[PDB]
Each structure stands twice: as structure tokens, then as C-alpha cells.
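Asker: Dropping the structure in here first, questions after.
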Amino acid sequence: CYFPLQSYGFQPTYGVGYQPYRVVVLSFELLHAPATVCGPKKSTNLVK
Amino acid sequence: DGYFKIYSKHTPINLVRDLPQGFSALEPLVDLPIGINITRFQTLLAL
């Protein structure tokens with residue numbers, strides 16, 4: 001028998017590798033519904 | 001294509017029982033890339 005979870009130990013003394021890393025995925029998908037989140041359409045100073 | 005559109009108009013009346021004889025042209029209020037299918041509506045009312 002084991003309880004299925006255990007703590008990460010995380011102390012400032014730890015080396016590279018062991019130290020806690022703070023993470024995200026920008027997780028997404030395309031083209032099965034109309035678009036809604038998209039990068040910045042750059043705009044330029046107007047001329048006449 | 002998936003983009004749902006509502007156009008609408010607001011106007012004064014004084015009429016008892018029928019739709020007003022005259023003309024109107026609905027302004028586009030709101031437009032949304034909702035993507036759903038719509039096949040049946042019902043209205044929402046106060047009690």
C-alpha cells in the first residue's frame with residue numbers, strides 16, 4: 001500500500017537540476033471554430 | 001459561418017394592439033464568433 005502523492009522537498013541550498021522550476025504550457029488548437037485569440041496586428045503612423 | 005450577428009432598433013410608440021405602419025432600419029448591435037448551432041429559440045421574460 002502507498003498513498004499516491006509525496007512532497008517535493010524544495011530548499012534554497014539545492015543545486016541546478018533539483019531547484020524548483022515554475023512552469024506553464026501555452027496550450028492551444030486551430031481551425032475547428034472561428035478565430036478569437038491572435039497576436040498583435042502591428043499598426044504604423046498614418047500618412048496623407 | 002459561425003459568426004452570430006444581432007442587429008436591432010429602439011423607437012417610441014403609443015399603439016394598443018398591432019405592429020406600427022411605417023419604416024425602420026435595424027443598426028448592428030453585436031457580432032460574436034460563437035461557432036454554435038442554433039435550431040430553436042425561446043424568449044426570456046420577467047414574471
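Convention: chains lettered A, B, ... in C-alpha cells order; per-chain residue numbering from 1; ligands numbered from 1 as shown.
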Determine, counting only C-alpha atoms, which protein, DNA and RNA residues have an atom within 12 Å of an atom of residue 32 (chain A); residues of the same chain fewer than 6 positions away are not included. Present the result as a list in words.

Answerer: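 Everything that qualifies: residues 1, 2, 33, 34, 35 and 36 of chain B.
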
Asker: Quick one: which residues from chain A are at most 9 Å off chain B, using only C-alpha atoms, as a ChimeraX atom specification?

Answerer: /A:32-36

Asker: Using N, CA, C and O atoms, can you export the residues from the last selection as a short mmCIF file (atom, residue, chain, number, x, y, z; two decimals), in the first residue's frame?

Answerer:
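Below is the file again-v9.cif, written as the result:
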```
data_model
loop_
_atom_site.label_atom_id
_atom_site.label_comp_id
_atom_site.auth_asym_id
_atom_site.auth_seq_id
_atom_site.Cartn_x
_atom_site.Cartn_y
_atom_site.Cartn_z
N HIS A 32 -11.07 24.67 -35.86
CA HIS A 32 -12.35 23.93 -35.68
C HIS A 32 -13.53 24.80 -35.21
O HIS A 32 -14.68 24.35 -35.14
N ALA A 33 -13.27 26.07 -34.93
CA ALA A 33 -14.23 27.13 -34.64
C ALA A 33 -13.63 28.48 -35.10
O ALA A 33 -12.41 28.56 -35.27
N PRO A 34 -14.43 29.54 -35.33
CA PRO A 34 -13.89 30.82 -35.81
C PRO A 34 -12.87 31.39 -34.82
O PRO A 34 -12.99 31.19 -33.60
N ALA A 35 -11.83 32.05 -35.33
CA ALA A 35 -10.70 32.52 -34.52
C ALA A 35 -11.12 33.55 -33.45
O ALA A 35 -12.18 34.16 -33.56
N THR A 36 -10.31 33.73 -32.40
CA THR A 36 -10.64 34.66 -31.30
C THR A 36 -9.43 35.20 -30.53
O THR A 36 -9.46 36.36 -30.12
#
```
